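Chemist: I'd like to ask you about the structure that follows.
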Number of protein chains: 2
Amino acid sequence: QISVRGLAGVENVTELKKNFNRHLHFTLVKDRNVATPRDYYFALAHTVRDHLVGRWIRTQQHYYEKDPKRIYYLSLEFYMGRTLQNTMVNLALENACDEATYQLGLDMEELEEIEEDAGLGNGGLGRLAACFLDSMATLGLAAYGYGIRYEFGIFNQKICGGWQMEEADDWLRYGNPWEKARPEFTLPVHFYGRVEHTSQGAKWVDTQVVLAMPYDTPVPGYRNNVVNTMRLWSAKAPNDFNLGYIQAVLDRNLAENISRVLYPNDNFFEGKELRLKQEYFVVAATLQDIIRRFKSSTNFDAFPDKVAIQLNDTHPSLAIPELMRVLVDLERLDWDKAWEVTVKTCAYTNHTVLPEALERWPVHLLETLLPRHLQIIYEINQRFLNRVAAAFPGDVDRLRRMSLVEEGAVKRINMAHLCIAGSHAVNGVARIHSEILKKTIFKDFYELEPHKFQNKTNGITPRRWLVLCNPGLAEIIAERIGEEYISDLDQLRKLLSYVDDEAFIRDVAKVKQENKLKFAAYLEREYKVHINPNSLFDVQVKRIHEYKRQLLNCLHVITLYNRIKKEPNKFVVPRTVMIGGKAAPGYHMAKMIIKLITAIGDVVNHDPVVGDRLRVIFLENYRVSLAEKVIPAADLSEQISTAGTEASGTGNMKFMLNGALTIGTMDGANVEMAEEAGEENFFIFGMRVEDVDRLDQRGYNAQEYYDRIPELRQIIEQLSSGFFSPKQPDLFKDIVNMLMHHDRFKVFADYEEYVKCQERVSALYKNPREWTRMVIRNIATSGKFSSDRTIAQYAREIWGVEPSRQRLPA
Amino acid sequence: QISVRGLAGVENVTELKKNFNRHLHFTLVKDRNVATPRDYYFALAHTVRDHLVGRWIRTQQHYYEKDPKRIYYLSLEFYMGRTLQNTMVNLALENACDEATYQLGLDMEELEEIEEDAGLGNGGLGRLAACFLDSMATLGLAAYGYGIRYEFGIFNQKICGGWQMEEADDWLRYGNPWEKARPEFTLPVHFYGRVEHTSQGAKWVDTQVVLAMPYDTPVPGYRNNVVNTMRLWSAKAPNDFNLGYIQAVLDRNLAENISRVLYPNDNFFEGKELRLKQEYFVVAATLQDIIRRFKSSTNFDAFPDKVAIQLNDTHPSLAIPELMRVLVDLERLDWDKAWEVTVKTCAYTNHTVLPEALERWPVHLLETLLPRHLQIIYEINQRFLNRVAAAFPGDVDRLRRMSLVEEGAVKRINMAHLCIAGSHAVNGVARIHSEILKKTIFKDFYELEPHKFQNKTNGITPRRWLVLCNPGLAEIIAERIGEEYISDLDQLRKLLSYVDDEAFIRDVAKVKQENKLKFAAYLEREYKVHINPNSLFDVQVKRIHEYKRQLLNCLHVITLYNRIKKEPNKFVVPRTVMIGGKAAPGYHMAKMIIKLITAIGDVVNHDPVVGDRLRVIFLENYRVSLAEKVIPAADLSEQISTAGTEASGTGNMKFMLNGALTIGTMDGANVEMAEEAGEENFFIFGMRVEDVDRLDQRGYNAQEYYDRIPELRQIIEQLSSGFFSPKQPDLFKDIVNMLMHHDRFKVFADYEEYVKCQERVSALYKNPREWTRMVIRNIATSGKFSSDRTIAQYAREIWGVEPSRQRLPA
Ligand SMILES: OC[C@H]1O[C@@H](c2cc(O)c(Br)cc2O)[C@H](O)[C@@H](O)[C@@H]1O
Ligand SMILES: OC[C@H]1O[C@@H](c2cc(O)c(Br)cc2O)[C@H](O)[C@@H](O)[C@@H]1O
């Protein structure tokens, strides 16, 4: 149907049809009479998978023969979403498969909806790893993603009586056609035990053993015939485990619990032993695999020339002492040489400055679980602090500030400090964030080793986040400037020459309208909710957090409602306000915010005076597959975190690429987005980082705003009195108390500017032609935010490898 | 190479080769450079599996269109062993696959050794179910095996310091290519809760739910193109299970523990709640599946005309009250009609008369776990006892004896009584056993309902137990009488006309020698143990139990050793005595017997005076795949249970078919074996059932035998004094004490006759020609013991269906 989806050749369609029938028969053991829609999905999945394997085998063979430097991306999260459409896109198979299935009497889009999301992540950090894998394969890097194969990913969110309910994401129930178990590469991982000192070094003895079994998933590059590997470890008990008899067999579950479930926290540290076990499990198994592959290419001087290890946040920080352990205890290298190898191999990416998100593990935990690693950490710390003392003689407070060991009630290890000490490069994820790191939390470290500190502004893959989710937009762009932009997003700048092109303006606006109609229909079909498709689609989708300020959005919604009720017969630009995202199960305030949103919708959506002018909808179960649907449909992107809190954001980039305008603070990557598009083409409001700092020195008094803003006063009175909860008048007491007395994120301080800025959004939307022209100026300047750009920067500036767009033989 | 293994046609070999390469590439994602022997096994397994699927789909389609009466074989055990060779045999693919793999540079026998046993059974009862499935498919019956998919089968046995050690049988670690998951046929199973009485009957409410997910395995008939199904249920937690968050997800293991592990008890009842859950789990899921299939053919009058349910022992006895529950509570049938349907549908097979093996469930357990079923059992009991009272007025003791409820310290339900009451047919498994049932333990029931009681003498499948494991013998037989005997074993009688044929005598003896050489080499290669291949191979392989009297064998071995030591320079027929089998982990005496056997070997095997004249070997990890190796190699089969204790035995039949002579008591099927072959061709010794009864009335005094048999006295003195355990003199004190004071199985009583009989075995073995002629007379009369004969009898006399040898279209 559309060009960017590839060719549907006679030969290819015929072959896809026969291979589909073969899999339905031999693989699924079904015929057309007893086959379910799910059977048809799997038949297609296996058919597409067949096309990967040849390229997958020859890619890995190519790496063995050429022996390039290998990149190992270690992450506790890989938020992959669905694989079927992505594989078709990257292999240029989409139109051919669409044709083949149509001829078999099936709708491919219907079949695509059957696939479960691989929800092995919480949000931005996990999705970044997924975009990164796509870009590394597209740029022909010898890259491996290493993580954990969680049996249960991020919970499925149900809304019951306006409250979030959690249920287990049993994503593997029907099987996973994409993975390949590799039980032959199973490796042992050690826990507990004790340290013995001998005449020939230290020995870690009397350990408990858990086996790590790898499952490999292909990661195809964009039409370059490269297929890289994501390797995910699964926990297995050894067969002599606890070996009355029956209980011993049943107790195998304890060991295998390591890979059972993803911790559902985003931007929050929970210091649980199971999480620590998960973190060591991935690191220990991965490092053995790395070293094995390095030897099968004795002399570890060349190790950093052939190996780069990227630490995604501090979660895999134990890689540093684990590498030291293997090099010193097992390979018999001297400390200084082992340390040189470690530092040159490891690099660390920081993703947050929020104090509650920073990993600080109690010493007593590491003492029991990993006795040898604690000893190595202490030694690293002593040697590091000796360097600090020599550099800054007499500065005793610096020594306490920089220490890997934090003293207090319970002694803790600061994993961020460990990462900086043992890495040759430390980067933040957006220019403002990387600057904040050098100025505030890592200031002492920057002063000691300035060369270590870098910036790598985040990006998103234009394959999933344009071609896959918005083929209509991808097509109208390709019609003008060709297809090369898909792996060279900077080419979108060529669209600036079409800003006054009447045909293009109309086409851009048409694609958005179509996307909105499709999403409005999805809401009626799957959720029985009614919306006006001619209204402005105002959307905020991201994890529920106080710092992300879903509460500020709520205040604006109530302001709009109150203004309508005051002057009912006055015209207002109709809006559909959509908010979605999951709350961490133990985060009370976040769960209260979800309830507030639904409670507002309950009042607003059923007021006859409002009509179709204002609708408030909570988007249930926000996840990658839902993002792919709602983002192309959005008119307005809400990126309203308190300045200095959102390290980068990536949702922001997705909305920009897909034809929404942005209302936002100067926070994270918003700053660079506004810089690229021009501030005139961005709806910027609120305090800058400097303004927050000034308010903090003075002391933030929320009462001042309440006293001086009558519209804000009314809302707080409405909340307190039970306007949005008539049967439970005091339901939102915690929210009011927080807002009034202990708001870390200064919601009231940005309220006036936000509401004013929103009025300017409504004004522009009244002029469709000028709205669309501003949209074109955003899409045209979104190029910098391709993860291809990001990965090329990591490659050249951290890993010391050159990216390549050259095809491998088909 | 050999005829019975089928044709190796040019076309077939070429196709097998290309499909093997396809699976290695697309299925296993490997090339010939990085492929392991296990990869080659799986490539072959998938290739052979492809040939099943077409026949499997069309068999089940045929059953849907013809709508025959369906047979449901319910068992907690299916001891299947390996599947690869069996599938090749039944599909006539063995020679073709051998040729294809040879041309690819691979040895097929080497690849066959890689497959894990499906060890989902303990011994005879589980293996009988496996032989039965093979025969039902071969006889073209619409039959389904229903059981549990245990994650862990019977433990792997390790011998350490002469002691049994258990380790988990993680048989699914590398995957199972034979099974197909059917998550679309997942069914709920209910536990606990309470019973509410309404105006419209009783209701079972507030239950806990476990899901039952079926996995289907094909069961091919012998070259008739029939492929039946074995359906095994796996336990799954519902997704809202216990839905802080993390613990709730981890607790899903509790529900899924139902299908985790097979209870490793053979002929012993362990009254554990987990076992009861297993028993209900299989019954509840199966019955829903049966009823669903019956409706998809309202009027349950026709239910018994379309459904037969066979209960393999009392383990699935809950089928009776569960069927009643569904019919009364859910389908709204009146009690009397539901009972009529139940009785006509269900039939029960008893497998033991040992009191410790009989299932008697505490009422308090059933009260808590299955409250509605207990109520139904009480009602069944009241109505049944009213019938007894009307038939035998005033016989109050009969009423207490026949009751389903046993009074005492803890009230118990006798599941055997439940089965008789609710079944239209009750059978024992050998003529002597079925007679014992009518005369002793079920005498009261036989008197009430004589028509209910039948015999069905056990059998073994000649496919696995001759063609597969002994192709050399199968071939020399086929050379004379053709191939038809493989599915018509009675044809072996034609071999009687060759008893004086010099060519045949030589060929029979040659096949045995070859088998012995091959096994003697297997012992050196895999276990580094040395044996003389010219010695008499004296073997006892079966589970370790006091009733099976491995101890009597031990006494004979020591007698032989002592006689050699007394007269070293006297000639004796050299023997290799092999004993193997697993002991239940909690069965202390059985574990002591294993230690005794190894301890004897430790002394005997290292005595220079003995030389190669006597060797004692414990066969480690006895299982189906090992039986297939050792049984063809045996000269002498030990079947020496105390008369009246071995219900049938099936190992006995396997040895008879494979050219071993039998030394045995007149117990179980031994009686019928001797009847078929002629008593002159069998080494019969010891007490008959009547003799045991006489001794029991008098009182068994072991001291009498000790006092009057000096050779026996010496052995007991040797055991007590520490002759076989110098470092631990009192090690075997428990064994001596048992033998002397509390031997339920009268080991001493049969000692003299046994030793005398063994002397006659050695005498015959000295005359190879006459030994072989007697062997021919055994093989020639083994026909009755085909499970094809057994299943044809069940079909005609219990199920009311006619077997068929007619082929389905290929
Ligand atoms: O860098 C990727 C994303 O990481 C997010 C992020 C940072 C963390 O430290 C953790 Br733990 C989870 C997470 O999603 C940031 O909040 C975003 O600002 C950023 O865009
Ligand atoms: O009928 C099959 C076999 O069942 C065996 C047998 C009977 C049982 O009740 C249990 Br529980 C387990 C078992 O293996 C008998 O001991 C054999 O004599 C018989 O041949």
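Just so you know, the numbers here start at 1 and follow the chain as drawn.
Method on record in the header is X-ray crystallography, 2.0 Å.
Yeah, the Cβs are placed from backbone N, Cα and C, and that goes for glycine too.
Pasting the relevant annotations from Swiss-Prot:
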MOD_RES   A:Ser3  phosphoserine
SITE      A:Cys97  site 'Involved in the association of subunits'
SITE      A:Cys131  site 'Involved in the association of subunits'
SITE      A:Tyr144  site 'Can be labeled by an AMP analog'
MOD_RES   A:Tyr192  phosphotyrosine
MOD_RES   A:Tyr215  phosphotyrosine
MOD_RES   A:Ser403  phosphoserine
MOD_RES   A:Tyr446  phosphotyrosine
MOD_RES   A:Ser487  phosphoserine
MOD_RES   A:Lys654  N6-(pyridoxal phosphate)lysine
MOD_RES   A:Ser720  phosphoserine
MOD_RES   A:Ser721  phosphoserine
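Any idea what these are sitting next to in the structure?
Modeler: For A:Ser3 (phosphoserine), the same-chain residues that are 6 or more apart in sequence and have a Cβ closer than 8 Å to its Cβ are A:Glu475, A:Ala478, A:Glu479, A:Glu483.
In sequence order, A:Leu16, A:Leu44, A:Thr47, A:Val48, A:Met88, A:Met108 constitute the residues six or more apart from A:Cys97 (site 'Involved in the association of subunits') in its chain with CB-CB distances below 8 Å. Look at A:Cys97 (site 'Involved in the association of subunits'): DSSP puts it in a helix.
Within 10 Å of the Cβ of A:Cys131 (site 'Involved in the association of subunits') there are 26 other Cβ atoms, across all protein chains.
Using a 10 Å Cβ-Cβ cutoff, A:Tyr144 (site 'Can be labeled by an AMP analog') registers 23 neighbours.
Here A:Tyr192 (phosphotyrosine) comes close to A:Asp206, A:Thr207, A:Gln208, A:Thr368, A:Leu369, A:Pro371: these same-chain residues lie at least six apart in sequence, with C-beta atoms under 8 angstroms from its C-beta. Look at A:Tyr192 (phosphotyrosine): DSSP puts it in coil.
Counting only same-chain residues six or more apart in sequence, the Cβ atoms lying under 8 angstroms from the Cβ of A:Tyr215 (phosphotyrosine) belong to A:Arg149, A:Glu179, A:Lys180, A:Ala181, A:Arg182, A:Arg231, A:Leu232, A:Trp233, A:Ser234.
Cβ environment of A:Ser403 (phosphoserine): A:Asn381, A:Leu385, A:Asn414, A:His417 lie under 8 Å away, each six or more residues apart in the same chain.
Taking a C-beta cut-off of under 8 angstroms and a sequence separation of 6 or more, A:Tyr446 (phosphotyrosine) has the following same-chain neighbours: A:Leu437, A:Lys438, A:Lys452, A:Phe453.
In the three-state DSSP classification, A:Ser487 (phosphoserine) falls within a helix.
The Cβ neighbour count for A:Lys654 (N6-(pyridoxal phosphate)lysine), using a 10 Å radius and every protein chain shown, is 29. DSSP classifies A:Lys654 (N6-(pyridoxal phosphate)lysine) as helix under the three-state reduction.
Within the same chain, residues at least six positions away from A:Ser720 (phosphoserine) with a Cβ under 8 Å of its Cβ are A:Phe732, A:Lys733, A:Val736.
In sequence order, A:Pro729 constitute the residues six or more apart from A:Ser721 (phosphoserine) in its chain with CB-CB distances below 8 Å. Following the DSSP three-state reduction, the secondary structure of A:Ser721 (phosphoserine) is helix.
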Chemist: Find the Cα-to-Cα distance between A:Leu243 and A:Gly244 in angstrom, rounding to a whole number; note that the 6 residues connecting them are absent from the deposited model.
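Modeler: Output for the chain break: 9 Å between Cα atoms.
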Chemist: Does A:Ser487 (phosphoserine) have same-chain partners at least 6 apart in sequence with Cβ under 8 Å from its own Cβ, and which are they?
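Modeler: Those within reach of A:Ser487 (phosphoserine), by Cβ under 8 Å and sequence separation of 6 or more, are A:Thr138, A:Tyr222, A:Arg223, A:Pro462, A:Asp788, A:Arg805.
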Chemist: Provide the list of recorded positions among A:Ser3, A:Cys131, A:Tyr192, A:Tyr446, A:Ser487, A:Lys654 whose C-beta sits under 8 Å from chain B at the C-beta level, in sequence order; use 'none' for an empty result.
Modeler: none
Chemist: Between A:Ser297 and A:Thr298 the model skips 9 residues. Roughly how many angstrom lie between the two CA atoms, to the nearest whole number?
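Modeler: Each end of the gap has a Cα atom, and these are 11 Å apart.
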Chemist: Provide, as an integer number of angstrom, the distance between the C-alpha atoms of A:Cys131 (site 'Involved in the association of subunits') and A:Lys654 (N6-(pyridoxal phosphate)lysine).
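Modeler: Cα-Cα, rounded: 12 Å.
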Chemist: A:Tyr144 (site 'Can be labeled by an AMP analog') to A:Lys654 (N6-(pyridoxal phosphate)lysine): how many Å between their Cα atoms?
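Modeler: It is 25 Å, counting Cα to Cα.
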